[PDB]
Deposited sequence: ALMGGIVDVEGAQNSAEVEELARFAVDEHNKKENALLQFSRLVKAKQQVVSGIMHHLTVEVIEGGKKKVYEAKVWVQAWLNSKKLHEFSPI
């Protein structure tokens, strides 16, 4: 197993919801969080969550890959990447 590698929840669900809201805020977007289809986590300085999320964009279902960087001890949570 890769140390610091990507490997396959209530908290995870909120992180997925967090990614979509964060993205809507930054891009003045109107994505509707539909569901977390798949989740993987990776240890970095903290945790990098690789979330596969289904949203509704203009009435149409679409799947995005979101990377949410969490550093719990600093109460920090950041949308690192977001794209189809």
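- Residues of the deposited sequence lacking C-alpha coordinates, numbered from 1, fall in the stretches 9 to 14, 91.
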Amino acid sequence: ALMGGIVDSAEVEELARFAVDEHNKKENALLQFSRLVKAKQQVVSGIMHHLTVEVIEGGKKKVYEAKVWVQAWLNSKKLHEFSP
From here on, numbers count along this sequence of modelled residues.
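- Of the two stretches examined, 17 to 25 and 56 to 64, the record assigns the greater average C-alpha temperature factor to 56 to 64.
- The stretch with the higher mean CA B factor, choosing between 46 to 54 and 29 to 37, is 29 to 37.
- Remark: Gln71 belongs to the lowest third of its chain, ranked by C-alpha B-factor as recorded.
- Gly5 sits in the middle third of its chain by CA B factor, as recorded in the PDB entry.
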